[PDB]
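The structure appears right after this line, and notes come after that.
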Amino acid sequence: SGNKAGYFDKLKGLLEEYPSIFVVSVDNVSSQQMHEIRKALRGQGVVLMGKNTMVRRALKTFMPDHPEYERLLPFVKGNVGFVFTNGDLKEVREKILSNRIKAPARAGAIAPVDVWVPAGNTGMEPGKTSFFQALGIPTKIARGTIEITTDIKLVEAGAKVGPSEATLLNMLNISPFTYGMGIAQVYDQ
Amino acid sequence: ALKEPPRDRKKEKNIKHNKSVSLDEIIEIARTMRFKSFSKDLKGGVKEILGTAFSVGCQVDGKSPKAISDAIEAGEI
Amino acid sequence: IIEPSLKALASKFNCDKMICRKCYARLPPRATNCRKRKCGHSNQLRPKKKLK
Amino acid sequence: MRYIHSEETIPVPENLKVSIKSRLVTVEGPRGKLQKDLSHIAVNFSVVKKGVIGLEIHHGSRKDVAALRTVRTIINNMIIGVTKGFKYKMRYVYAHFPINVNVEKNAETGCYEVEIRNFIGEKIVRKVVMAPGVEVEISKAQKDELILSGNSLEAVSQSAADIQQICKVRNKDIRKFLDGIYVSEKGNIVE
RNA sequence: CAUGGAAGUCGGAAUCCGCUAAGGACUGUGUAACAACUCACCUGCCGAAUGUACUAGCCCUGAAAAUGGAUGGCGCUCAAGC
Ligand SMILES: [Mg+2]
Ligand SMILES: [Mg+2]
Ligand SMILES: [Mg+2]
Ligand SMILES: [Mg+2]
Ligand SMILES: [Mg+2]
Ligand SMILES: [Mg+2]
Ligand SMILES: [Zn+2]
């Protein structure tokens, strides 16, 4: 538990030195997103999240260094991280909201909103028409390009997406999911 | 790009471990091209990385690339 | 010929089994002790070798 | 080591009715009614809350307490079955010789019977009688499916095992002759 | 580094660092090779015990013979057994 021991002193060093703490609700986010946001905020501020501290903040509450630590006791529920920074609250309100990735479907992901393909010309190779005929989508090949004559409903909102439609969404570059950082209430704001 | 001088044509069927290279500031200069592509703070970690990268060559003479990277006693630049 | 998924489905009931070394009994793939009584619930098992 | 108190609870949804008398359980809901007798196990039933049933054993051994969860899961399976039913699926697998089946309708009683012909190219006609309360269908969604449906898991599963156990190859290497009828998925009627 | 080709995955010998709680000169699949997938590993749920060897009490396998058969017999299970 070498990193556990290094976690105790690193956390103790950072809590006293930085007066401002920002809470972030990150869940099911790709590692590359934290890699890029870490490189973007490398100069100013350090982001660090870990396992739940059930009593580790209660120890800061027992001794009087910060009477306001015990006010933040109930706020921890699960998968909530902390951001330590010295910038202003107004400027940090939207700094970490950048780079919202476009997550593709995962062969059955529940679409919150109805997904539709607007009428147009795909322009891709007509050798993939067997995929369209698998779903029975009316498609006409014009100038070597597959064109959807009439809009066909893909999947109802809240219903499981068909595996073929989910696969077609990957090369069609359309999906209902957009993953980004979530902002939780901080300091009873 | 060192490989202990030119590798004679068709001299790779047998063992080709004769790729020893010198350990000096030349590797640190060549590291500037990478310029710490993956973070590495102020590139000190990248400097140690590139220094220990030629682990097969075992640096030059007694010194080893791993020992050189482990010993944090050289200048940053 | 048999399509691979059906061949796997049928094989799952008669190919992937454990065999006791004392009474030749068929056991589930993850078993650790024979269930029959004439061998004393022995733990001397061997996998069923496939046909190839 | 004798355990003083071991307890578990079963919630009940606001759709069906259950009544127990002399260790005889009666469950009735939208899709029918079922009966089971548990007089061979010493368990104490009680009503914990408005929609929770509790049951327990006092001064039991480890072997006696082990059986306590079995009734809990049986009663939960019955509760699910009487409100959602059960459904099993089967596939036919042959390499060269096709196997043809005929699930004829009710034979003057609630029981169904299934006739199997041309198993590994055999001229035997083999007859199976299904348990009462179980419905057998030939699927129209796509080819090569047998549909089993019913109210009770024990009857549906045992009938499926009867179908599976009746198609057997003798005096041959079964690692090579993979002919037979097997179950492939189990689930509920609704969703 | 050899290499149609082998970006970990014919292969030879090495096997480091960045940033993290963790995500590899790779755990396999896959593939011309990659990628991909997975694995390892940590975290999201959870809610108190677990795992690995040994020791000895009862019971069981090991335990096959000839007229019909003997804890003395009937019988006995919180024993009428130890
Ligand atoms: Mg033979
Ligand atoms: Mg244990
Ligand atoms: Mg006596
Ligand atoms: Mg007594
Ligand atoms: Mg006496
Ligand atoms: Mg006594
Ligand atoms: Zn055995």
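Identifiers in the structure tokens: chain A, B, ... in order shown; residue index from 1 per chain; ligand index from 1 in order shown.
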
Produce as number ranges by chain the set of residues near ligand 4, where near means within 12 Å with only C-alpha atoms (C1' of nucleotides) and all ligand atoms considered.
E: 77-79, 81-82

Residue list for chain E near chain A as a PDB file with N, CA, C and O atoms (P, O5', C5', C4', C3', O3' and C1' of nucleotides), in the first residue's frame, 10 Å, only C-alpha atoms (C1' of nucleotides):
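Output file iface.pdb follows:
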```pdb
ATOM      1  P     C E  19       4.810  12.824 -14.143  1.00  0.00           P
ATOM      2  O5'   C E  19       3.248  13.096 -14.003  1.00  0.00           O
ATOM      3  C5'   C E  19       2.506  13.684 -15.062  1.00  0.00           C
ATOM      4  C4'   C E  19       1.160  13.023 -15.217  1.00  0.00           C
ATOM      5  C3'   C E  19       0.534  12.510 -13.932  1.00  0.00           C
ATOM      6  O3'   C E  19      -0.106  13.545 -13.208  1.00  0.00           O
ATOM      7  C1'   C E  19       0.268  10.922 -15.696  1.00  0.00           C
ATOM      8  P     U E  20      -0.398  13.386 -11.637  1.00  0.00           P
ATOM      9  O5'   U E  20      -1.765  12.575 -11.586  1.00  0.00           O
ATOM     10  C5'   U E  20      -1.911  11.459 -10.725  1.00  0.00           C
ATOM     11  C4'   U E  20      -3.033  10.558 -11.168  1.00  0.00           C
ATOM     12  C3'   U E  20      -3.387   9.445 -10.189  1.00  0.00           C
ATOM     13  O3'   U E  20      -4.359   9.861  -9.245  1.00  0.00           O
ATOM     14  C1'   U E  20      -2.993   8.511 -12.323  1.00  0.00           C
ATOM     15  P     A E  21      -4.231   9.451  -7.696  1.00  0.00           P
ATOM     16  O5'   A E  21      -3.994   7.877  -7.729  1.00  0.00           O
ATOM     17  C5'   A E  21      -3.836   7.133  -6.530  1.00  0.00           C
ATOM     18  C4'   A E  21      -4.479   5.777  -6.652  1.00  0.00           C
ATOM     19  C3'   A E  21      -4.208   5.065  -7.970  1.00  0.00           C
ATOM     20  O3'   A E  21      -2.973   4.370  -7.932  1.00  0.00           O
ATOM     21  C1'   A E  21      -6.526   5.023  -7.514  1.00  0.00           C
ATOM     22  P     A E  22      -1.847   4.648  -9.042  1.00  0.00           P
ATOM     23  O5'   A E  22      -2.278   3.716 -10.255  1.00  0.00           O
ATOM     24  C5'   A E  22      -2.264   2.305 -10.099  1.00  0.00           C
ATOM     25  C4'   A E  22      -3.396   1.652 -10.845  1.00  0.00           C
ATOM     26  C3'   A E  22      -3.233   1.585 -12.350  1.00  0.00           C
ATOM     27  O3'   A E  22      -2.418   0.493 -12.727  1.00  0.00           O
ATOM     28  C1'   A E  22      -5.458   2.213 -11.768  1.00  0.00           C
ATOM     29  P     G E  23      -1.367   0.635 -13.927  1.00  0.00           P
ATOM     30  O5'   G E  23      -2.298   0.747 -15.210  1.00  0.00           O
ATOM     31  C5'   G E  23      -3.133  -0.331 -15.601  1.00  0.00           C
ATOM     32  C4'   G E  23      -3.741  -0.068 -16.951  1.00  0.00           C
ATOM     33  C3'   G E  23      -2.850   0.701 -17.904  1.00  0.00           C
ATOM     34  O3'   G E  23      -1.864  -0.134 -18.482  1.00  0.00           O
ATOM     35  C1'   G E  23      -5.071   1.538 -17.997  1.00  0.00           C
ATOM     36  P     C E  42      -5.873  -4.025  -7.727  1.00  0.00           P
ATOM     37  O5'   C E  42      -6.744  -2.699  -7.856  1.00  0.00           O
ATOM     38  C5'   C E  42      -6.274  -1.470  -7.325  1.00  0.00           C
ATOM     39  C4'   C E  42      -6.827  -0.292  -8.084  1.00  0.00           C
ATOM     40  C3'   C E  42      -8.230   0.123  -7.681  1.00  0.00           C
ATOM     41  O3'   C E  42      -8.204   0.980  -6.554  1.00  0.00           O
ATOM     42  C1'   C E  42      -8.045   0.049 -10.052  1.00  0.00           C
ATOM     43  P     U E  43      -9.379   0.950  -5.461  1.00  0.00           P
ATOM     44  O5'   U E  43     -10.649   1.512  -6.239  1.00  0.00           O
ATOM     45  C5'   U E  43     -11.061   2.862  -6.074  1.00  0.00           C
ATOM     46  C4'   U E  43     -11.834   3.353  -7.270  1.00  0.00           C
ATOM     47  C3'   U E  43     -13.337   3.173  -7.171  1.00  0.00           C
ATOM     48  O3'   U E  43     -13.963   4.207  -6.435  1.00  0.00           O
ATOM     49  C1'   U E  43     -12.580   2.434  -9.289  1.00  0.00           C
ATOM     50  P     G E  44     -15.333   3.915  -5.652  1.00  0.00           P
ATOM     51  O5'   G E  44     -16.432   3.740  -6.791  1.00  0.00           O
ATOM     52  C5'   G E  44     -16.921   4.846  -7.536  1.00  0.00           C
ATOM     53  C4'   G E  44     -18.232   4.492  -8.192  1.00  0.00           C
ATOM     54  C3'   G E  44     -19.116   3.561  -7.376  1.00  0.00           C
ATOM     55  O3'   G E  44     -19.810   4.252  -6.351  1.00  0.00           O
ATOM     56  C1'   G E  44     -18.985   2.756  -9.571  1.00  0.00           C
ATOM     57  P     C E  45     -19.933   3.621  -4.877  1.00  0.00           P
ATOM     58  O5'   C E  45     -21.012   2.456  -5.009  1.00  0.00           O
ATOM     59  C5'   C E  45     -22.330   2.722  -5.469  1.00  0.00           C
ATOM     60  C4'   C E  45     -23.145   1.456  -5.541  1.00  0.00           C
ATOM     61  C3'   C E  45     -23.133   0.601  -4.285  1.00  0.00           C
ATOM     62  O3'   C E  45     -24.017   1.103  -3.298  1.00  0.00           O
ATOM     63  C1'   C E  45     -22.846  -0.764  -6.198  1.00  0.00           C
TER      64        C E  45
END
```

9 Å contacts from chain E to chain B using only C-alpha atoms (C1' of nucleotides), as a list in words
residues 1, 2, 12, 13, 14, 15, 16, 17, 18 and 19 of chain E

Could you find all residues in stretch 77-119 of chain D that DSSP calls alpha helix (DSSP H) from the backbone, and write them as a ChimeraX atom specification?
/D:77-84

Output N, CA, C and O atoms for every residue in the selection just made, as a PDB file, in the first residue's frame.
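Final output, selection.pdb:
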```pdb
ATOM      1  N   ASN D  77     -40.055 -17.697  -7.186  1.00  0.00           N
ATOM      2  CA  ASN D  77     -40.265 -18.161  -8.553  1.00  0.00           C
ATOM      3  C   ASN D  77     -41.746 -18.310  -8.865  1.00  0.00           C
ATOM      4  O   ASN D  77     -42.191 -17.967  -9.963  1.00  0.00           O
ATOM      5  N   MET D  78     -42.528 -18.820  -7.910  1.00  0.00           N
ATOM      6  CA  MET D  78     -43.971 -18.925  -8.122  1.00  0.00           C
ATOM      7  C   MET D  78     -44.614 -17.550  -8.252  1.00  0.00           C
ATOM      8  O   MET D  78     -45.512 -17.349  -9.083  1.00  0.00           O
ATOM      9  N   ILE D  79     -44.165 -16.588  -7.439  1.00  0.00           N
ATOM     10  CA  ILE D  79     -44.725 -15.242  -7.503  1.00  0.00           C
ATOM     11  C   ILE D  79     -44.453 -14.638  -8.871  1.00  0.00           C
ATOM     12  O   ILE D  79     -45.332 -14.014  -9.480  1.00  0.00           O
ATOM     13  N   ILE D  80     -43.229 -14.807  -9.373  1.00  0.00           N
ATOM     14  CA  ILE D  80     -42.905 -14.294 -10.701  1.00  0.00           C
ATOM     15  C   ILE D  80     -43.723 -15.024 -11.763  1.00  0.00           C
ATOM     16  O   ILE D  80     -44.256 -14.403 -12.690  1.00  0.00           O
ATOM     17  N   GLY D  81     -43.821 -16.351 -11.650  1.00  0.00           N
ATOM     18  CA  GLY D  81     -44.491 -17.150 -12.663  1.00  0.00           C
ATOM     19  C   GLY D  81     -45.972 -16.857 -12.798  1.00  0.00           C
ATOM     20  O   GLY D  81     -46.522 -16.920 -13.900  1.00  0.00           O
ATOM     21  N   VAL D  82     -46.640 -16.537 -11.686  1.00  0.00           N
ATOM     22  CA  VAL D  82     -48.084 -16.309 -11.739  1.00  0.00           C
ATOM     23  C   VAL D  82     -48.430 -14.928 -12.270  1.00  0.00           C
ATOM     24  O   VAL D  82     -49.587 -14.679 -12.634  1.00  0.00           O
ATOM     25  N   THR D  83     -47.450 -14.029 -12.370  1.00  0.00           N
ATOM     26  CA  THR D  83     -47.682 -12.689 -12.887  1.00  0.00           C
ATOM     27  C   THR D  83     -47.014 -12.431 -14.228  1.00  0.00           C
ATOM     28  O   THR D  83     -47.374 -11.460 -14.901  1.00  0.00           O
ATOM     29  N   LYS D  84     -46.058 -13.270 -14.634  1.00  0.00           N
ATOM     30  CA  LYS D  84     -45.359 -13.088 -15.897  1.00  0.00           C
ATOM     31  C   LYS D  84     -45.206 -14.364 -16.715  1.00  0.00           C
ATOM     32  O   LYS D  84     -44.871 -14.270 -17.901  1.00  0.00           O
TER      33      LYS D  84
END
```

Select the residues contacting ligand 3 at a distance of at most 12 Å, based on only C-alpha atoms (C1' of nucleotides) and all ligand atoms, then format the selection as a PDB file with N, CA and C atoms (P, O5', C5', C4', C3', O3' and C1' of nucleotides), in the first residue's frame.
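So the final result, stored in part-v8.pdb, reads:
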```pdb
ATOM      1  P     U E  71     -25.154 -61.047  14.616  1.00  0.00           P
ATOM      2  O5'   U E  71     -25.670 -60.112  15.798  1.00  0.00           O
ATOM      3  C5'   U E  71     -25.545 -60.515  17.154  1.00  0.00           C
ATOM      4  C4'   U E  71     -24.769 -59.503  17.961  1.00  0.00           C
ATOM      5  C3'   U E  71     -24.815 -59.675  19.471  1.00  0.00           C
ATOM      6  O3'   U E  71     -23.924 -60.671  19.946  1.00  0.00           O
ATOM      7  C1'   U E  71     -25.200 -57.410  18.925  1.00  0.00           C
ATOM      8  P     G E  72     -24.159 -61.349  21.385  1.00  0.00           P
ATOM      9  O5'   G E  72     -25.511 -62.168  21.190  1.00  0.00           O
ATOM     10  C5'   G E  72     -25.531 -63.371  20.439  1.00  0.00           C
ATOM     11  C4'   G E  72     -26.852 -64.082  20.576  1.00  0.00           C
ATOM     12  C3'   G E  72     -28.072 -63.286  20.143  1.00  0.00           C
ATOM     13  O3'   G E  72     -28.243 -63.269  18.734  1.00  0.00           O
ATOM     14  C1'   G E  72     -28.497 -64.284  22.234  1.00  0.00           C
ATOM     15  P     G E  73     -28.890 -61.988  18.012  1.00  0.00           P
ATOM     16  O5'   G E  73     -30.458 -62.202  18.186  1.00  0.00           O
ATOM     17  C5'   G E  73     -31.119 -63.268  17.519  1.00  0.00           C
ATOM     18  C4'   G E  73     -32.572 -63.345  17.911  1.00  0.00           C
ATOM     19  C3'   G E  73     -33.407 -62.100  17.656  1.00  0.00           C
ATOM     20  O3'   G E  73     -33.850 -62.036  16.309  1.00  0.00           O
ATOM     21  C1'   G E  73     -33.804 -62.889  19.850  1.00  0.00           C
TER      22        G E  73
END
```

I want to know what sits within 10 Å of stretch 26-43 of chain C, based on only C-alpha atoms (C1' of nucleotides), with residues of the same chain fewer than 2 positions away left out; could you give that as a VMD selection string?
(chain C and resid 12 to 24 45 to 48) or (chain E and resid 60 to 62)

Atoms to include: C-alpha atoms (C1' of nucleotides). Write the selected residues as a PDB file, in the first residue's frame.
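Saved the output as result.pdb:
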```pdb
ATOM      1  CA  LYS C  12     -21.722 -27.858 -24.585  1.00  0.00           C
ATOM      2  CA  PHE C  13     -23.777 -30.825 -23.254  1.00  0.00           C
ATOM      3  CA  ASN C  14     -21.539 -33.710 -24.375  1.00  0.00           C
ATOM      4  CA  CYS C  15     -17.960 -32.467 -24.901  1.00  0.00           C
ATOM      5  CA  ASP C  16     -16.988 -30.066 -22.081  1.00  0.00           C
ATOM      6  CA  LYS C  17     -17.100 -32.365 -19.043  1.00  0.00           C
ATOM      7  CA  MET C  18     -14.956 -33.643 -16.187  1.00  0.00           C
ATOM      8  CA  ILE C  19     -14.331 -37.372 -15.744  1.00  0.00           C
ATOM      9  CA  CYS C  20     -13.688 -39.063 -12.423  1.00  0.00           C
ATOM     10  CA  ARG C  21     -10.603 -41.293 -12.414  1.00  0.00           C
ATOM     11  CA  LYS C  22     -12.148 -43.870 -10.052  1.00  0.00           C
ATOM     12  CA  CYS C  23     -15.648 -44.582 -11.424  1.00  0.00           C
ATOM     13  CA  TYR C  24     -15.601 -42.862 -14.854  1.00  0.00           C
ATOM     14  CA  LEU C  45     -10.620 -35.710 -11.903  1.00  0.00           C
ATOM     15  CA  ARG C  46      -9.395 -35.334 -15.478  1.00  0.00           C
ATOM     16  CA  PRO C  47     -10.847 -33.305 -18.355  1.00  0.00           C
ATOM     17  CA  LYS C  48     -12.700 -35.047 -21.156  1.00  0.00           C
TER      18      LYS C  48
ATOM     19  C1'   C E  60     -18.570 -43.320   4.600  1.00  0.00           C
ATOM     20  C1'   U E  61     -15.248 -45.844  -0.024  1.00  0.00           C
ATOM     21  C1'   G E  62     -11.376 -49.368   0.106  1.00  0.00           C
TER      22        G E  62
END
```

Give me, as an MDAnalysis selection string, all polymer residues having an atom no more than 7 Å from stretch 27-30 of chain D, counting only C-alpha atoms (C1' of nucleotides) and skipping those fewer than 4 positions away in the same chain.
chainID D and resid 15:19 34:35 82:83

Env. residues ligand 1 / 12 Å / only C-alpha atoms (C1' of nucleotides) and all ligand atoms / as an NGL selection string
:D and (170-174)
